[PDB]
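Enquirer: Below is the structure I would like to discuss, written out as structure tokens.
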Amino acid sequence: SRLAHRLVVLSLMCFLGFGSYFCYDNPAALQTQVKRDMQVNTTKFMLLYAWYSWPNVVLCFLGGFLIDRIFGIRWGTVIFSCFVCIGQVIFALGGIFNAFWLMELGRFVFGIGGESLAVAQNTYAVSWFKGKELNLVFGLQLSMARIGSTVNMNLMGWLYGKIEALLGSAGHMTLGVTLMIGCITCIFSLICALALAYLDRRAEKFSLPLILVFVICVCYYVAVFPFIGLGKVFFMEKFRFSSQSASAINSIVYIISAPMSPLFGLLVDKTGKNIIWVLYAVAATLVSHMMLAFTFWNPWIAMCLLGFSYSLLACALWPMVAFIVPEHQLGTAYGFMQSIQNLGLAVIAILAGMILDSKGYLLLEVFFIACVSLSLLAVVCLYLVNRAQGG
Amino acid sequence: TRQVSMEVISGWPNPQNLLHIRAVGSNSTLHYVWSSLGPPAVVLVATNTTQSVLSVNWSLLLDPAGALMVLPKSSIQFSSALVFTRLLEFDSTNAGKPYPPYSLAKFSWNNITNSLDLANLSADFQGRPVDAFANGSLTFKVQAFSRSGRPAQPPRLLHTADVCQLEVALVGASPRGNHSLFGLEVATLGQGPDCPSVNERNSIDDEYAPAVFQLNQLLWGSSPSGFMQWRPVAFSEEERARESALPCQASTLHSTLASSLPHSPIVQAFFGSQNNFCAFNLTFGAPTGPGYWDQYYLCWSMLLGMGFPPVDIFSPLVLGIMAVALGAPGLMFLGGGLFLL
Ligand SMILES: *[C@@H]1O[C@H](CO)[C@@H](O)[C@H](O)[C@H]1NC(C)=O
Ligand SMILES: *[C@@H]1O[C@H](CO)[C@@H](O)[C@H](O)[C@H]1NC(C)=O
Ligand SMILES: *[C@@H]1O[C@H](CO)[C@@H](O)[C@H](O)[C@H]1NC(C)=O
Ligand SMILES: *[C@@H]1O[C@H](CO)[C@@H](O)[C@H](O)[C@H]1NC(C)=O
Ligand SMILES: *[C@@H]1O[C@H](CO)[C@@H](O)[C@H](O)[C@H]1NC(C)=O
């Protein structure tokens, strides 16, 4: 056929993002452990993630602008994955030279690399896979990060011990080569990017509702994630859970997302009015928060619906900006959405942390429910607006 | 809405401390009596009459078995008592090697009239040992109430103008080991032959004293009567913030025989049973997290008195935010009709 019924491009697209979604959780997988290397306190070790979230909104907006204007869709991925690999190798160098500000500088590049790669992947998948099987590629893109993060978390820890036993006991400088052996993932992203560019070379031969969709994305993705980030402490007080078995509840909204999102992506495009699906997902999220906050029913039931209402809102809301704004402008709208969502998460994490100790736990759930209510109001307003024009 | 009144008595042969609290309303009176002769103690008296007084006789109290009663004998109903008989040193250095307890019977408690002040309705008890507590000792803080309201102290409760408050603390102590675990031995005394039932309740609201949703209780009878109540927390420093949780644990009620705990003369004067004592240990904290090592003092809060035990009431703030949250679905149905036209 054209390109073998999109099979090879579908296979290659999912493997592109190992540059960002694999090596992102190195400090998380290396919690403590490297703390006793030279000297590390808890306050400083959170700076390895601040550089990945705060200097991001303007930089990702600039990256999207560059994709739209100068670089184009083709060469955007190859340069951003190059930035990713440069950041990873300079992080490894900072590890090997024992300097810490060399370690810190790696995040100032890896953040732009990851966010720009994500926005480029999104816009490219929208540009090419349009027409049929559209919502599904977002499903695999979401599933790949969750299927890779845990694997990296286990594998880096295993390789630390393997290298320590095999090579020997040096002056605890082996973490640098340990990062280097983990750096081999990023080169695969480069190879995939050049292969995709070659295929594309061979292949060749705003508006009102956009603001509302931005509001939906901000509201939902800012009222869902920090609740999971809070996690441990709330369930040890509101309910009586053991210190070990309580990790199943907090880490099940993620582990149920990846094995499910492709199914919803495959189902939605086939006879699906997207607005109805989004409204159903938002109503389910509201019901889940109400049940969790205002009653002592089993948290399993209240947290199960969140998995579906988060795996269904994804790969069924982002394609809305694929139809509203026409081609030649996706690279800016997607970057704007990423910037506003990241800024919302960053500004609300601090607010939630500040209000938690000052007012307790009921007010936090009240505020979250208010945010989701605003999300639903904007969803139904978007439904109302689309009634007149349509299509 | 009920009145308050304090009063103290001293005996010439041997002066001692005795605080008596009387609350009178429309057609009910309370007769809290706080004695600290050997142990601290509390005895409750309920009278349906609106006039009733005491009859003290220091001569009998000078094996005393005298009578300390009220004139309207027919109005006597639901006489209960508590005795803070012992303070337990719990060590449990591994996860517990029960260091011998300190007897709350040899402490020379200071004068009540020195610290008593009717303006704030408070008094202080401070005994110190005679052989630990070299600088400072237990500081009982009795307090009455006049109208329904909410205290401003970090441990926030809900008094009903018909109960008391017993913030108990001890300032200055030298632990016998590098660990912090303290306990009290509360010994109740039911009027009828039975075992008082302790339960545990769940509450939704957490605006007050965050990170706790349980409100303990202790009822001497399934009827309108007296009740204990205390949030399962304990504070070690005056700026009682959410950091110093230091959880406390209850136990199960036993049926201990006499002579297992020192006998308070006031209880023996008010009662004649002295055989149905039920006691349970009451520990503070755990080695799991923060303990009592940096500071030198531990605080606790509880209520005591007869009436209907308050549960909780939702504040207007959360109700209003729920109301505005419910406004979002209703707002569009108005807007939908607007576009319909
Ligand atoms: C308390 O002070 C009063 C003041 O006159 C005195 O009569 C009484 O004996 C004192 N009692 C004690 C226990 O110090
Ligand atoms: C009160 O004490 C006096 C003096 O000992 C005694 O005569 C009197 O009987 C006592 N009242 C009683 C026991 O009711
Ligand atoms: C108070 O209770 C006693 C109980 O024996 C009863 O005899 C008396 O009549 C009651 N008085 C009033 C005013 O209810
Ligand atoms: C442990 O206790 C001993 C005395 O029992 C004391 O000398 C020592 O300093 C304590 N250790 C610490 C770390 O405080
Ligand atoms: C409390 O702890 C002490 C520790 O010596 C123990 O002997 C006693 O049986 C426990 N229970 C009561 C009700 O005192």
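So you can find residues: chains in the structure tokens are A, B, ... in the order shown, residues in each start at 1, and ligands are numbered from 1 in order.
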Set the distance at 10 Å and use only C-alpha atoms: which residues neighbour residue 210 of chain B once local chain neighbours fewer than 2 positions away are removed? I'd like the list as a PyMOL selection string.
Expert: (chain A and resi 237+356-362) or (chain B and resi 155+205-208+212-213+241-242+245)
Enquirer: May I have a table of the residues of chain A lying at most 12 Å from chain B, giving each one's closest pair of atoms and their distance in Å to one decimal, counting only C-alpha atoms, ordered by chain and ascending residue number, as a Markdown table?
Expert:
| residue | atom | partner | partner_atom | distance |
| --- | --- | --- | --- | --- |
| A:233 | CA | B:211 | CA | 8.9 |
| A:234 | CA | B:211 | CA | 7.9 |
| A:235 | CA | B:211 | CA | 10.3 |
| A:236 | CA | B:211 | CA | 9.2 |
| A:237 | CA | B:211 | CA | 6.0 |
| A:238 | CA | B:213 | CA | 6.6 |
| A:239 | CA | B:213 | CA | 9.0 |
| A:240 | CA | B:213 | CA | 10.8 |
| A:243 | CA | B:288 | CA | 11.7 |
| A:279 | CA | B:329 | CA | 11.9 |
| A:283 | CA | B:329 | CA | 10.5 |
| A:286 | CA | B:325 | CA | 10.7 |
| A:290 | CA | B:322 | CA | 10.6 |
| A:292 | CA | B:204 | CA | 11.2 |
| A:293 | CA | B:204 | CA | 8.5 |
| A:294 | CA | B:204 | CA | 7.0 |
| A:295 | CA | B:204 | CA | 7.6 |
| A:296 | CA | B:204 | CA | 8.4 |
| A:355 | CA | B:210 | CA | 11.3 |
| A:356 | CA | B:210 | CA | 8.8 |
| A:357 | CA | B:242 | CA | 6.7 |
| A:358 | CA | B:210 | CA | 8.6 |
| A:359 | CA | B:207 | CA | 6.0 |
| A:360 | CA | B:210 | CA | 4.6 |
| A:361 | CA | B:206 | CA | 6.4 |
| A:362 | CA | B:206 | CA | 5.9 |
| A:363 | CA | B:318 | CA | 7.1 |
| A:364 | CA | B:207 | CA | 10.4 |
| A:365 | CA | B:318 | CA | 10.2 |
| A:366 | CA | B:318 | CA | 7.2 |
| A:367 | CA | B:321 | CA | 8.2 |
| A:368 | CA | B:325 | CA | 10.3 |
| A:369 | CA | B:325 | CA | 7.3 |
| A:370 | CA | B:325 | CA | 5.3 |
| A:371 | CA | B:325 | CA | 8.6 |
| A:372 | CA | B:325 | CA | 8.9 |
| A:373 | CA | B:325 | CA | 6.0 |
| A:374 | CA | B:328 | CA | 6.7 |
| A:375 | CA | B:328 | CA | 9.3 |
| A:376 | CA | B:328 | CA | 7.7 |
| A:377 | CA | B:328 | CA | 5.5 |
| A:378 | CA | B:328 | CA | 9.1 |
| A:379 | CA | B:332 | CA | 10.4 |
| A:380 | CA | B:332 | CA | 7.3 |
| A:381 | CA | B:332 | CA | 7.2 |
| A:382 | CA | B:332 | CA | 10.8 |
| A:383 | CA | B:336 | CA | 10.1 |
| A:384 | CA | B:336 | CA | 7.0 |
| A:385 | CA | B:339 | CA | 9.2 |
| A:386 | CA | B:339 | CA | 11.6 |
| A:387 | CA | B:339 | CA | 9.5 |
| A:388 | CA | B:339 | CA | 9.1 |
Enquirer: Step by step, measure atom-to-atom distances between ligand 4 and each residue using only C-alpha atoms and all ligand atoms, keep those at most 9 Å, then write them as a PyMOL selection string.
Expert: chain B and resi 175-179
Enquirer: Within 12 Å of ligand 5, which residues show up when you count only C-alpha atoms and all ligand atoms? List them as a PyMOL selection string, please.
Expert: chain B and resi 84-92+96-102+182-188+250-257+260-261+277-283
Enquirer: Please, which residues have at least one atom within 6 Å of an atom of ligand 1, using only C-alpha atoms and all ligand atoms, listed as number ranges by chain?
Expert: B: 15-17, 111
Enquirer: Can those selected residues be exported to a file as a compact mmCIF listing (two decimals), in the first residue's frame so that it contains C-alpha atoms?
Expert:
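Output contents, as saved in result37.txt:
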# COMPACT_ATOMS: atom_id res chain seq x y z
CA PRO B 15 -4.33 22.21 105.56
CA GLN B 16 -4.68 20.58 102.14
CA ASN B 17 -6.02 21.40 98.69
CA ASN B 111 -1.76 25.92 97.43
Enquirer: Tell me, counting only C-alpha atoms and all ligand atoms, for each residue of chain B within 6 Å of ligand 2, which pair of atoms is nearest and how far apart they are in Å to one decimal, in rows ordered by chain and increasing number, as JSON lines.
Expert:
{"residue": "B:57", "atom": "CA", "partner": "ligand 2", "partner_atom_place_in_ligand_line": "1 (C)", "distance": 5.0}
{"residue": "B:59", "atom": "CA", "partner": "ligand 2", "partner_atom_place_in_ligand_line": "5 (O)", "distance": 4.8}
{"residue": "B:60", "atom": "CA", "partner": "ligand 2", "partner_atom_place_in_ligand_line": "2 (O)", "distance": 6.0}
Enquirer: Output the neighbourhood of ligand 3 as a PDB file with C-alpha atoms, in the first residue's frame, that is, all protein and nucleic acid residues with some atom at most 9 Å from the ligand, counting only C-alpha atoms and all ligand atoms.
Expert:
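The resulting out14.pdb:
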ATOM      1  CA  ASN B  27     -33.434  23.016  86.765  1.00  0.00           C
ATOM      2  CA  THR B  47     -29.156  16.514  91.100  1.00  0.00           C
ATOM      3  CA  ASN B  48     -32.488  17.289  89.459  1.00  0.00           C
ATOM      4  CA  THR B  49     -33.121  19.929  92.132  1.00  0.00           C
ATOM      5  CA  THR B  50     -31.963  23.507  91.592  1.00  0.00           C
ATOM      6  CA  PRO B  72     -31.182  16.224  98.972  1.00  0.00           C
ATOM      7  CA  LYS B  73     -30.449  12.500  99.198  1.00  0.00           C
ATOM      8  CA  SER B  74     -33.382  11.670  96.908  1.00  0.00           C
ATOM      9  CA  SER B  75     -31.878  13.839  94.151  1.00  0.00           C
ATOM     10  CA  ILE B  76     -28.637  11.815  94.151  1.00  0.00           C
ATOM     11  CA  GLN B  77     -28.210  10.126  90.770  1.00  0.00           C
TER      12      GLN B  77
END
Enquirer: List the spatial neighbours of segment 289-296 of chain B as number ranges by chain - criterion: any atom at most 8 Å away, only C-alpha atoms, same-chain residues fewer than 5 positions off excluded.
Expert: B: 171-173, 179-181, 236-237, 244-246
Enquirer: Measuring atom to atom with only C-alpha atoms, identify which of B:165, B:122, B:268, B:36 is nearest to residue 229 of chain B.
Expert: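 Of the candidates, the smallest distance to residue 229 of chain B is held by B:165.
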Enquirer: Could you pull out all residues of segment 55-221 of chain B with a DSSP call of strand (DSSP E or B) and give them as a ChimeraX atom specification?
Expert: /B:70,77-89,102-103,117,122-125,138-143,149,159,164-171,182-189,197-202,214-219
Enquirer: What lies within 8 Å of residue 53 of chain A using only C-alpha atoms, ignoring chain neighbours under 5 positions off, as a PyMOL selection string?
Expert: chain A and resi 111+342+346
Enquirer: I want to know what sits within 6 Å of segment 326-337 of chain A, based on only C-alpha atoms, with residues of the same chain fewer than 5 positions away left out; could you give that as a PyMOL selection string?
Expert: chain A and resi 61+64-65+68
Enquirer: Just C-alpha atoms for this one: save the residues we selected as an mmCIF file, in the first residue's frame.
Expert:
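Below is the file that was written, again.cif:
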data_model
loop_
_atom_site.group_PDB
_atom_site.id
_atom_site.type_symbol
_atom_site.label_atom_id
_atom_site.label_comp_id
_atom_site.auth_asym_id
_atom_site.auth_seq_id
_atom_site.Cartn_x
_atom_site.Cartn_y
_atom_site.Cartn_z
ATOM 1 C CA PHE A 61 6.925 27.728 24.165
ATOM 2 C CA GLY A 64 7.186 25.042 19.764
ATOM 3 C CA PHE A 65 7.625 28.411 18.062
ATOM 4 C CA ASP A 68 6.418 26.048 13.709
#
Enquirer: With only C-alpha atoms as the counted atoms, please give the residues lying no more than 12 Å from residue 46 of chain A, apart from itself and same-chain residues fewer than 4 positions off, as a count of residues only.
Expert: 14
Enquirer: Neighbours of residue 203 of chain A within 12 Å (only C-alpha atoms; same-chain residues fewer than 4 positions away dropped), as a PyMOL selection string?
Expert: chain A and resi 2-4+6+9+74+128+195-199
Enquirer: Could you write out the selected residues, including C-alpha atoms, as a PDB file, in the first residue's frame?
Expert:
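Ended up saving to selection.pdb:
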ATOM      1  CA  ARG A   2       1.135   3.549   0.746  1.00  0.00           C
ATOM      2  CA  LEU A   3       3.391   2.649   3.689  1.00  0.00           C
ATOM      3  CA  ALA A   4       2.297  -0.931   4.485  1.00  0.00           C
ATOM      4  CA  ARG A   6       0.970   2.438   8.657  1.00  0.00           C
ATOM      5  CA  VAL A   9       5.491   3.937  11.283  1.00  0.00           C
ATOM      6  CA  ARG A  74      10.931  16.885  10.039  1.00  0.00           C
ATOM      7  CA  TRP A 128       0.622  11.969   9.758  1.00  0.00           C
ATOM      8  CA  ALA A 195      15.187   6.474  10.553  1.00  0.00           C
ATOM      9  CA  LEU A 196      11.942   8.463  10.804  1.00  0.00           C
ATOM     10  CA  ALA A 197      13.527  11.379   8.932  1.00  0.00           C
ATOM     11  CA  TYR A 198      14.685   9.022   6.171  1.00  0.00           C
ATOM     12  CA  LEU A 199      11.192   7.529   5.930  1.00  0.00           C
TER      13      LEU A 199
END
Enquirer: Of the candidates A:22, A:101, A:220, A:308, which shows the shortest atom-to-atom distance to residue 155 of chain A, using only C-alpha atoms?
Expert: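 Smallest separation from residue 155 of chain A among the options: A:22.
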